[PDB]
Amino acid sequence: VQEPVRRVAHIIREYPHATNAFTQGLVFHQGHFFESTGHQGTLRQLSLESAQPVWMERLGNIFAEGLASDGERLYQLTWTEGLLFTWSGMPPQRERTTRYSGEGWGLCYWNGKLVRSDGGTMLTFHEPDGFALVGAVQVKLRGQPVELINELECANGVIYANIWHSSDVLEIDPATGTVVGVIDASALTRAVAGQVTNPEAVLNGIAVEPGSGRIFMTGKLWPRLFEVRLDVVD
């Protein structure tokens, strides 16, 4: 038991993002870059050369939320609807609708399981086929539960998680819920501050590219998505 590692996200490069996209899910999938939005609900494939998506399916009034990939299918939560959409093929088409209890904030895939956050302190673990709960951990930083756990990303042996309305990103051990790292991504929030006005225009959305290990972060309604390098601070 030691101090969580402290890191600072250093902006490597910036790319256009759409200022009308409320980013709730962000993941790489079968060579492409995907985003889930609510208000209005969409699944979109992003270009890094333009804010205009290369492909989008509109979900109407459904408030879509976190988005996970197992390499073959995309899995997409909803906020209070209790709907999980499972997408397959290229372009993705929905092949399954699944009802679940509780709220859907972030989602990622780890060790054959979907890991789900709901804005509380808990990460719950679910079977991809039918979304039955199989386990849970409480997310704890220095032994203390952390509320507001939002978009997820399963990479590098951890779960990366946004904290809603914070510029910190946690690194969580999925076996235990222990926070093993805290990333300061406040340079990203500072970077867009002169351009965003909406109260909900907050850092959210982490995706790691499988083929390159390159790490990307954005925010709701942000004009930019950022590639970051995570530097240890001592």
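All residue numbers are counted from 1 along the displayed sequence.
Look at the C-alpha B-factors of 169-177 and of 185-193. On average they run higher in 185-193. In this entry, the higher average B-factor at the C-alpha atoms falls on 84-92, of the pair 84-92 and 157-165. Note on the listed residues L48, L43, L203, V208: the highest Cα temperature factor in the record is that of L48. Among the modelled residues of its chain, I62 has a C-alpha B-factor that falls in the highest third, as given in the PDB entry.
Among all modelled residues in this chain, the alpha-carbon of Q24 has a temperature factor (C-alpha) in the lowest third. In the PDB entry, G143 places in the middle third of its chain by CA B-factor.
Remark: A18 belongs to the middle third of its chain, ranked by C-alpha B-factor as recorded. Split the chain's modelled residues into thirds by C-alpha temperature factor. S101 is in the middle one.
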